[PDB]
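Everything below concerns the one structure shown next.
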Amino acid sequence: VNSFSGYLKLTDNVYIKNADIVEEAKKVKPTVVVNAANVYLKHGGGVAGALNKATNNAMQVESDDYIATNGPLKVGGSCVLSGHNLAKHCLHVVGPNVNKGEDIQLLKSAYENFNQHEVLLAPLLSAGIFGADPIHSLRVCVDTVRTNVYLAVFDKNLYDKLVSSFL
Ligand SMILES: Nc1ncnc2[nH]c3cc(F)ccc3c12
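Here the sequence shown is numbered in the entry's author numbering, starting from 3 and rising by one per residue.
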């Protein structure tokens, strides 16, 4: 038993809700919140800009030190950093950005990072300003992640489309 509430169960291990991931993070305080990161951990907009804003820019300060030490992430890769006031940990995962021409097959590699964590609160990778089809992203999630994932979808219209079209 865990504290996630109001989710629709899509599969054995994948759940979905129309929710603001920032508000869901602040209420649940999950062990892991996933950020929709880029390789530079520049959290300017989308999910990342919103998570960073909610930390009063502490996420960005921590991220800049991480990059100065380690260099950029790989597309499809991840790193674990602090969850600040939102979660114990933040798993920064880089899905491909279609608006940068990156290979959509890397979306499966991105979701594989979730399997290193027993339970996660997450957005749909590569959705939103990353330019992928969220229905495709949901399918890759369900077919790749084996751990327990609670997906927060900000847009109610997108949410109902995702549920109604789910196979
Ligand atoms: N794409 C998402 N999925 C789940 N939660 C979200 N909160 C957001 C806040 C923003 F400013 C932008 C995007 C999201 C978002």
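For each residue, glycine too, the CB sits at the ideal point set by N, CA and C.
Check: residue i C-beta below 8 Å from any heavy atom of ligand 2
i                 : result
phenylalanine 168 : Of the ligands this structure carries, namely ligand 1, none is ligand 2.
Assigned secondary structure, residue i (DSSP; H/G/I helix, E/B strand, else coil)
i              : result
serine 84      : strand
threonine 146  : helix
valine 41      : coil
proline 136    : helix
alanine 129    : coil
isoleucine 23  : helix
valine 49      : helix
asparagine 4   : coil
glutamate 114  : helix
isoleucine 106 : coil
residue 185    : Examination of residue 185 is not possible in this model, given that the chain is present from 3 through 169 alone.
Beta bridge counterpart(s) of residue i as assigned by DSSP
i             : result
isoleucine 18 : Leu10 and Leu153
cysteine 92   : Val35 and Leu83
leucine 123   : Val35 and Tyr152
Buried/exposed call for residue i, threshold 16 Cβ in 10 Å
i             : result
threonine 57  : buried
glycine 85    : buried
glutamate 120 : exposed
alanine 38    : buried
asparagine 87 : exposed
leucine 109   : buried
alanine 134   : buried
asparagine 40 : buried
Expected contact under 8 Å - CB spacing of residue i and residue j to nearest Å
i           : j           : result
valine 96   : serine 80   : 7 Å
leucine 123 : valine 3    : At roughly 16 Å, the Cβ-Cβ gap does not stay under 8 Å, so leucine 123 and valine 3 are not in contact.
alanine 129 : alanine 27  : About 17 Å; that fails the 8 Å criterion.
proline 136 : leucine 160 : 6 Å
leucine 75  : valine 82   : 12 Å between Cβ atoms; not a contact.
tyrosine 9  : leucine 43  : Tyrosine 9 to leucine 43, Cβ: 28 Å. No contact.
**Request:** State whether the stretch 42-53 contacts the stretch 100-118, with contact taken as three or more CB pairs (one from each stretch) at a distance under 8 Å.
**Result:** Contact between the stretch 42-53 and the stretch 100-118 is absent, because fewer than three Cβ pairs lie under 8 Å.
**Request:** Specify whether the stretch 144-162 and the stretch 5-17 touch according to this definition: at least 3 beta carbon pairs, one from each stretch, less than 8 Å apart.
**Result:** Contact annotation: the stretch 144-162 touches the stretch 5-17, with at least three C-beta pairs closer than 8 Å.
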